Amino acid sequence: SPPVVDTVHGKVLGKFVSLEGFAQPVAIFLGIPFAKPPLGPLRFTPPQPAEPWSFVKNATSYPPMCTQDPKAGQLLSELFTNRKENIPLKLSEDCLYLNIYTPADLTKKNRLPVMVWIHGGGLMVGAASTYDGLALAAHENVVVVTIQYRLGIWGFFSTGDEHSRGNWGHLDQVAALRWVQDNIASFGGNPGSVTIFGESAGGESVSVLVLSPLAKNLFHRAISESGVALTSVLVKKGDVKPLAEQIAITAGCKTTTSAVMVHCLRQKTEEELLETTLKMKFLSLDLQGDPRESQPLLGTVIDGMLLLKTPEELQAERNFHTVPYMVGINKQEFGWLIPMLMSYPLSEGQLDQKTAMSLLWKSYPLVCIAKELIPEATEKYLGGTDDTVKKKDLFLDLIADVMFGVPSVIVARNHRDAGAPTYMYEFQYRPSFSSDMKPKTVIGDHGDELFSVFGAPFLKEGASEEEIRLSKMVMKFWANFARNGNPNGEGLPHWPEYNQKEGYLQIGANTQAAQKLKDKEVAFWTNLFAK
Amino acid sequence: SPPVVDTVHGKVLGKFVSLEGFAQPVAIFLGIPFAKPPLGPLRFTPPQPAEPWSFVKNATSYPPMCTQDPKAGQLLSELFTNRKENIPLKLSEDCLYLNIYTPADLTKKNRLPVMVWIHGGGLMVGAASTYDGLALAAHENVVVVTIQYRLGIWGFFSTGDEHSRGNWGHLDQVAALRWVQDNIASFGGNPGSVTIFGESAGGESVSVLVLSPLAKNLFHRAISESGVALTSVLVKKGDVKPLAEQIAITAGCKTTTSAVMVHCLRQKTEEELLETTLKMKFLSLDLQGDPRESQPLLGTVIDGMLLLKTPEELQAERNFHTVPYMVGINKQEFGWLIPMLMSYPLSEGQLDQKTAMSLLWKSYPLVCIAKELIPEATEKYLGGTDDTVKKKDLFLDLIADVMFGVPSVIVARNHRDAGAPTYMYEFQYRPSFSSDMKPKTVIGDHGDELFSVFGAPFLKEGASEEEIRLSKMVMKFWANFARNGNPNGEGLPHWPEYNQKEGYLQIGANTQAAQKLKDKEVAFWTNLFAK
Amino acid sequence: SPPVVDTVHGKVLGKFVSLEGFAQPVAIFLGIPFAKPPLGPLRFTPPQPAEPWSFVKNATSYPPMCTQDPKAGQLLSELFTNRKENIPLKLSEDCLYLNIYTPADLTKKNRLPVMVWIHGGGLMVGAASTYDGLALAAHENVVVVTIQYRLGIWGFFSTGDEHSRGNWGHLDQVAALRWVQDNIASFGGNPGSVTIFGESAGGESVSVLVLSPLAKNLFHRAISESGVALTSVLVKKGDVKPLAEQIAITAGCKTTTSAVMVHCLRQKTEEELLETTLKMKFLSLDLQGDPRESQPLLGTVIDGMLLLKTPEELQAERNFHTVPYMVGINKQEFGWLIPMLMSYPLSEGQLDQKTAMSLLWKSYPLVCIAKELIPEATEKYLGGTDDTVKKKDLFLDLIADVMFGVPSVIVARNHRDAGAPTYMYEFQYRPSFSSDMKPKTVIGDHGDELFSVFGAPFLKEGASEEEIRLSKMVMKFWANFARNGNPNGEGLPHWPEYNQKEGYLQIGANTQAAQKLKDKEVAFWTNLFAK
Ligand SMILES: CC(C)(COP(=O)(O)OP(=O)(O)OC[C@H]1O[C@@H](n2cnc3c(N)ncnc32)[C@H](O)[C@@H]1OP(=O)(O)O)[C@H](O)C(=O)NCCC(=O)NCCS
Ligand SMILES: CC(C)(COP(=O)(O)OP(=O)(O)OC[C@H]1O[C@@H](n2cnc3c(N)ncnc32)[C@H](O)[C@@H]1OP(=O)(O)O)[C@H](O)C(=O)NCCC(=O)NCCS
Ligand SMILES: CC(C)(COP(=O)(O)OP(=O)(O)OC[C@H]1O[C@@H](n2cnc3c(N)ncnc32)[C@H](O)[C@@H]1OP(=O)(O)O)[C@H](O)C(=O)NCCC(=O)NCCS
Ligand SMILES: CC(=O)N[C@H]1[C@H]([C@H](O)[C@H](O)CO)O[C@@](O)(C(=O)O)C[C@@H]1O
Ligand SMILES: *[C@@H]1O[C@H](CO)[C@@H](O)[C@H](O)[C@H]1NC(C)=O
Ligand SMILES: *[C@@H]1O[C@H](CO)[C@@H](O)[C@H](O)[C@H]1NC(C)=O
Ligand SMILES: *[C@H]1O[C@H](CO)[C@@H](O)[C@H](O)[C@H]1NC(C)=O
């Protein structure tokens with residue numbers, strides 16, 4: 001008989017799924033609501049509790065994914081999914097759901113560690129269902145929870161004031177964690193041992209929650225994979241008023257006052273807000289006009305509720321959750337995936353510095369390098385060789401360092417300096433599950449670690465013995481971290497803590513410890529951005 | 001001067017109306033709100049208390065009737081009204097009102113028994129104003145209250161889950177009873193002696209309230225006239241999701257999720273939902289396609305709030321309050337009115353068993369008889385004789401027994417076996433107030449008892465002397481039941497209690513007691529349905 | 001390869017279909033446009049010539065049926081179709097199409113007689129595709145053409161003046177005939193020998209075309225089956241402005257002037273006008289209010305273009321240039337189908353005269369009998385018997401006589417006295433293809449002859465030798481009439497011409513001539529209506 005669990009708001013019916021090598025079937029629950037559908041007047045407001053239900057709710061079908069560009073969303077899902085076949089998902093404003101994968105025998109009491117995944121997608125696209133927690137849950141005996149949160153306009157529209165503070169998507173993540181605290185024990189999980197992990201915008205979300213007083217007792221370990229609160233493209237600093245007005249005008253709304261704009265946008269249909277999203281061209285590199293006025297994403301803002309100050313200031317006052325924190329990046333963060341998705345204008349293979357400077361200026365929204373500083377930045381990375389082909393690869397390294405590498409090390413250093421256990425890694429491997437459209441030379445591209453973390457080798461076909469072992473090792477490290485706040489364990493390479501010696505783990509075919517990740521880069525950039 | 005009464009929410013102004021034969025004029029109050037208008041966000045949600053008003057509210061005009069097919073509603077009103085002239089009513093979603101007829105002298109303190117009427121109409125049409133309480137009030141010295149409740153989509157739309165549980169119309173009936181308990185004393189009524197009564201869908205509603213915990217202390221006597229919770233066509237069993245989706249699609253709504261459907265439907269205009277209602281062609285026998293898929297009514301469901309389980313489960317569970325209960329039926333419940341209203345195919349008047357079986361299959365939504373059982377059921381009723389004209393008559397008896405006769409006796413037996421006082425009657429009389437298009441041979445058609453219960457002979461012109469005595473006797477029985485929970489009285493024929501001897505009263509030109517109502521019919525159907 | 005024919009407007013591709021027993025394949029062409037789609041400004045205007053197309057138009061799919069109540073239209077199609085399985089059709093205002101079934105060898109020059117079918121449906125519903133001309137075409141070697149024309153509001157809305165004369169549906173029928181004349185030769189048909197035939201409203205349409213100057217020289221023989229221009233329910237006399245205003249108001253249009261109502265109605269969407277149709281409750285006996293205000297149909301009006309005066313006036317004038325005309329009726333025109341479709345109130349069997357008179361008054365829109373004349377009419381038909389069951393049978397005969405019987409004979413007599421060949425028949429047979437809901441005792445019900453005329457026994461299953469022979473005979477009579485304007489032929493029962501002896505053919509299991517059809521009834525009614 002299928003598994004039936006009693007939650008605070010009512011009973012839920014899931015399904016058993018067996019994985020080769022494990023006797024105990026994994027209980028899976030899909031589409032459990034953790035908040036009230038943010039429809040009508042609830043749009044652009046904090047999430048409210050879900051209404052209780054009578055009888056048994058069927059939790060065996062995948063929930064819709066929050067409204068987003070349908071094509072872009074399906075593409076990212078197909079590129080990141082760890083399951084054999086990508087499942088098509090429907091769009092809906094009614095998307096505050098979470099999926100649960102528990103390997104615990106529900107007929108007995110269990111208090112397994114809980115790993116709550118927050119998906120990436122630039123806060124504009126993505127879905128929880130893209131990630132199958134079956135393999136991780138079974139292999140490491142942890143309860144895996146995938147959550148969804150409002151995206152794009154619905155999750156991050158901000159007027160910069162009290163009429164629409166913003167960060168609705170982050171408040172949804174907090175609401176999901178609150179639900180986990182109040183209900184996860186019913187699924188064999190330990191509410192006292194919750195780890196939050198995410199990649200890209202998901203990693204940024206983890207970083208933000210670490211800095212938020214609203215997430216105080218909702219987690220005990222954090223993992224940010226390729227993305228932190230210092231990844232500037234995802235955090236809006238300064239006056240956010242101009243963007244709110246552009247969105248309102250594009251939707252056909254007056255901009256008389258903030259309250260007027262929000263009231264008008266609240267009357268728009270889902271389709272109308274989706275059409276506004278498309279006209280805005282989010283997540284695409286605008287090669288026209290002043291680079292400084294382009295906004296490829298709607299994201300995190302300093303609202304005063306979730307975040308009281310900028311991430312940089314919160315780090316200085318060392319005011320944030322000092323729980324164990326693992327921060328990592330991939331060898332080639334800007335190697336293919338991101339530039340492909342953003343229609344980046346790079347297609348030759350050989351790049352001259354003159355062209356590089358022009359491209360770097362157009363990339364302002366991604367790297368925010370004043371035009372007066374472009375020459376230095378470019379000469380610094382490309383000036384050491386006239387091999388136009390090598391200049392091109394060094395150019396991609398430059399973007400990667402500014403977006404993920406440097407921000408990640410700075411975040412880790414500040415966390416370490418607050419006295420909290422810290423760990424770092426650099427992932428370098430090319431999964432066989434890579435897209436056929438991606439050249440073989442790209443190793444450790446954005447998102448490549450996902451196939452290891454979610455045990456893709458055990459759900460998809462064609463993985464080599466090497467890739468299989470890499471996944472087993474990565475999952476064991478992550479799960480050891482989830483239960484102990486330290487990834488180390490018997491039979492695993494030693495992973496030094498990120499202390500004053502700045503040790504970190506180089507993960508790949510040949511996994512080994514090293515020290516001083518991106519040291520010279522942090523020095524260079526911190527100095528350049530100070531000018 | 002006009003009658004002015006103080007209610008919890010404010011003062012109300014009524015009007016005096018005298019009925020010859022009685023010196024004390026009857027105070028009449030029309031359109032008193034008992035809940036907040038279920039508009040906008042309140043559509044598909046439980047009734048909220050009415051807001052208080054200042055000064056004196058003029059209760060001298062008939063309130064609108066809840067949105068419904070206007071042609072069908074006006075036709076039913078003209079066919080069932082007990083007044084000289086049918087009163088044309090306006091349609092509106094703002095329809096949660098009740099009318100009061102009190103014979104008490106408001107200058108003194110009175111605690112007369114209260115009779116609350118719940119009108120019928122398949123939960124799709126109907127109105128309170130159709131029934132004038134003047135005669136009953138004045139003749140039997142009881143306070144008569146006629147209530148309205150949401151109908152059709154507005155009153156019963158259900159997604160099968162927490163986003164729209166359903167039974168909004170029944171919740172309104174409960175709300176009206178709560179209002180009576182809190183305010184009726186001001187109108188000379190005794191909140192400690194409330195009798196709920198109704199016929200057809202109204203009778204089914206009374207039966208439902210008897211089974212609902214939400215109304216446990218809201219009434220002390222109950223009367224179900226031609227309709228109970230076991231009248232299957234009014235109660236939906238199993239998954240109600242398909243019907244919800246069909247309605248949403250017809251209204252031009254997406255069916256992505258339950259929350260999405262309800263939200264879209266809450267956005268539709270009253271006119272848009274009325275057009276959806278008309279396109280669904282409710283309350284009409286569908287002769288095309290599979291009979292098992294037709295839905296003539298939107299009604300009661302097992303929501304978890306009003307009903308925690310099916311009436312059958314509750315009955316066996318003996319989980320219902322034991323108030324005195326009068327349950328009755330008419331000699332020919334399916335004799336003319338219902339078949340006429342539902343457009344039943346019966347032009348020829350004759351009927352061979354082959355045609356009979358086909359019609360019975362098409363009547364699946366009304367009788368729910370599996371196709372493989374049709375021959376047995378048909379042979380049972382028509383196989384006794386030839387003369388296709390007689391067979392068609394037995395065919396109408398078959399439908400009547402399945403929809404009203406058997407369900408009523410079964411409910412009566414269960415109530416009796418719970419230790420509660422129970423009474424039964426079979427009304428067999430043809431009122432002169434019947435439609436002119438109705439054959440003189442139809443006696444005791446559905447609704448025929450209403451003219452006697454509401455004293456039409458004293459409000460309408462041209463009643464026969466025999467009809468006048470019949471009404472006086474019927475009102476006496478009903479009013480006696482209201483005050484003592486026993487219909488018996490001086491000058492009235494003896495009405496036996498429905499005990500193990502199963503005595504009941506045959507009401508008509510000649511009124512006398514009898515025993516074992518529908519005994520054999522119940523045995524036959526219980527067994528046939530047991531297969 | 002598939003058959004390809006060259007028409008005035010372009011090439012068309014059909015399909016070859018072979019009927020059992022006939023080696024010459026029938027070339028079938030479905031959905032050939034004979035007019036420009038009556039959309040936008042073309043609504044409520046005369047049909048315009050179809051626009052020519054390049055290359056080859058694929059005419060292999062059934063065209064949509066003109067906008068109409070979809071449930072009513074689907075039901076009728078199922079009840080009248082001669083094919084094995086009913087073909088579900090789409091609704092559309094783009095419906096001016098015709099289907100062609102030609103048994104001619106297109107590789108050779110042929111000039112076969114052409115029979116053009118005009119479907120019935122009260123001018124409110126119906127479709128051409130319901131009728132498969134395969135059997136008729138193959139068995140009698142005639143080209144069968146089934147046409148469509150605008151229905152309901154779209155085909156007959158009239159303001160009574162030049163802003164919307166009306167009869168758009170009849171103008172469509174005329175345009176189809178004009179198309180046949182200009183194109184049929186290419187399909188092996190003789191434009192010099194066209195026979196128009198139709199049943200019910202289609203029969204009335206044929207009758208109207210015989211009386212219209214617009215249709216002269218467009219056909220050479222006519223057949224009206226159960227319907228003529230004197231069937232008053234289909235012809236509106238007097239002022240039609242009141243009905244136009246009711247339709248405009250229901251549709252939410254102002255009634256300031258005729259030009260304004262029409263302009264507004266033309267701006268409504270197809271769905272809005274269909275909703276108006278549903279709200280109007282057409283084709284249903286209105287049991288409410290004054291029966292003289294009822295309007296169950298939107299039909300023929302005296303526009304001044306199609307009809308210059310009432311059919312009654314045109315008959316005397318002997319203006320209608322002559323052509324051979326066959327006029328027929330069925331034994332029980334009001335036996336089951338029509339009463340069933342119109343929701344006629346006849347649940348019970350037997351009927352008393354008092355009730356009969358009330359029903360006859362409510363039937364005013366169908367029979368047009370002044371209230372002071374109801375007693376006489378009723379006594380004439382029912383006053384000769386006490387058995388109320390028979391009074392019910394006789395009552396149905398009365399309605400049938402006033403609607404079809406008398407009007408048909410009067411038309412035949414007038415045609416005869418105009419000098420043209422005239423023939424009459426009375427069909428008395430119960431098709432095995434009848435609906436299972438129709439009592440076995442109904443014989444010669446409205447539409448019963450259709451199955452014989454269209455060779456249902458050769459397409460559907462179950463037909464007995466007797467039913468098969470009847471169809472062969474009927475198709476033979478019909479085709480001979482189309483060939484020679486005289487149905488008689490070798491091996492067929494003698495069919496006398498309808499002359500001063502008023503001979504007519506009684507068609508059924510036993511077919512033979514007789515004389516003076518409805519003679520006594522015509523005298524009675526002519527005298528009664530003269531009062
Ligand atoms: C491309 C992506 C960024 C989505 O973008 P988006 O929400 O659709 O917004 P965009 O402005 O980029 O729209 C681009 C348009 O280009 C066109 N296009 C063509 N080929 C395309 C491709 N391969 N990828 C994306 N867009 C494409 C489409 O017409 C699309 O228009 P649409 O709105 O009608 O679907 C990507 O699919 C995303 O899902 N991946 C995750 C990115 C995340 O990791 N970044 C974090 C910080 S960099
Ligand atoms: C017929 C009745 C069921 C109302 O139905 P409804 O809400 O209009 O829905 P329907 O699908 O039946 O509509 C039928 C259509 O048929 C046509 N019609 C023809 N003759 C009719 C008739 N005698 N009565 C009703 N409708 C008729 C109308 O055009 C109507 O169209 P509309 O929707 O534009 O008004 C009835 O009038 C009702 O008011 N009486 C009480 C029934 C109750 O006792 N039954 C409880 C369970 S058996
Ligand atoms: C019934 C018929 C007249 C169609 O009517 P209509 O265009 O739907 O308009 P109506 O007012 O009759 O609608 C009646 C309603 O009653 C209900 N109904 C129930 N049983 C029914 C039945 N057996 N037949 C017809 N309607 C029925 C339906 O809910 C229908 O609802 P809808 O309007 O939303 O579809 C018939 O189907 C027609 O197609 N046949 C041709 C009749 C023609 O030969 N007669 C000419 C002389 S009058
Ligand atoms: C599909 C479509 O648009 N419907 C049309 C079809 C298509 O030609 C065929 O289906 C091939 O696509 O047939 C017609 O063109 C035709 O018979 O003349 C009319 C019809 O409206
Ligand atoms: C639960 O939902 C699934 C997916 O729609 C369905 O297949 C299954 O039958 C449902 N179980 C029940 C009966 O609730
Ligand atoms: C013609 O239309 C039919 C529609 O069923 C289609 O199957 C066919 O491919 C089309 N082309 C031709 C002319 O064969
Ligand atoms: C309230 O309205 C009624 C209805 O017209 C009217 O008769 C009455 O006088 C009004 N109230 C007063 C007394 O002003």
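Atom set for the values below is all heavy atoms of this structure, side chains included, hydrogens, waters and symmetry mates excluded. In what follows, chains are A, B, ... by sequence order, proteins preceding strands, each numbered from 1.
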A side-chain contact here means heavy atoms from C-beta on lying under 4.5 Å apart; do C/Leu314 and C/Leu307 qualify? yes
Can you give me every donor-acceptor pair (side chain of residues 24-43 of chain C, partner residue at least two apart or in another chain, under 3.5 Å) with its distance?
{"from": "C/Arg43", "atom 1": "NH1", "to": "C/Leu265", "atom 2": "O", "distance (Å)": "2.8"}
{"from": "C/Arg43", "atom 1": "NH1", "to": "C/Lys268", "atom 2": "O", "distance (Å)": "2.9"}
{"from": "C/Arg43", "atom 1": "NH2", "to": "C/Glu93", "atom 2": "OE2", "distance (Å)": "2.7"}
{"from": "C/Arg43", "atom 1": "NH2", "to": "C/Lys268", "atom 2": "O", "distance (Å)": "3.2"}

We want to know whether C/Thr130 and C/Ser77 form a side-chain donor-acceptor pair, criterion being a heavy-atom distance below 3.5 angstrom. yes
Please examine the side chains of C/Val442 and C/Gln332, heavy atoms only from C-beta on, and report whether any two atoms are closer than 4.5 Å. yes
From the list C/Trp478, C/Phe477, C/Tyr498, ring-ring contact (aromatic ring centres under 6.0 Å, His included) partner of C/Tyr425 resolves to C/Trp478
Pairwise side-chain contact, C/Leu337 with C/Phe80, heavy-atom cut-off 4.5 Å (strictly under): yes
Crowded around C/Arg83 CZ? As in, over 12 foreign heavy atoms under 6.0 Å? yes
How are the rings of C/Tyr149 and C/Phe156 set to each other: parallel, tilted or perpendicular (split at 30° and 60°)? perpendicular
More than 12 heavy atoms of other groups within 6.0 Å of C/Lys90 NZ: no
Pairs where residues 94-150 of chain C contributes a residue and the test disulfide (SG to SG under 2.5 Å) is met, not counting sequence neighbours: C/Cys66-C/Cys95
Can you confirm whether C/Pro493 sits close enough to C/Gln512 that some side-chain heavy atom of one is under 4.5 Å from a side-chain heavy atom of the other? no
Any side-chain donor paired with an acceptor under 3.5 Å for C/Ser200 and C/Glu225? no
Aromatic rings C/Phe197 and C/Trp117: how do their planes relate, parallel, tilted or perpendicular, breaks at 30° and 60°? perpendicular
Would you name the heavy atoms of C/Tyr423 and C/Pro496 that are closest together and state the gap between them? CD2-O, 3.7 Å
Can you find a pair of side-chain heavy atoms, one from C/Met473 and one from C/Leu492, that are under 4.5 Å apart? yes
How long is the straight-line distance from OG1 of C/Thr310 back to CG of C/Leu308, given to the nearest 0.5 Å? 11.0 Å
Where does the angle between the aromatic ring planes of C/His446 and C/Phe404 fall among parallel (under 30°), tilted (30 to 60°) and perpendicular (over 60°)? tilted
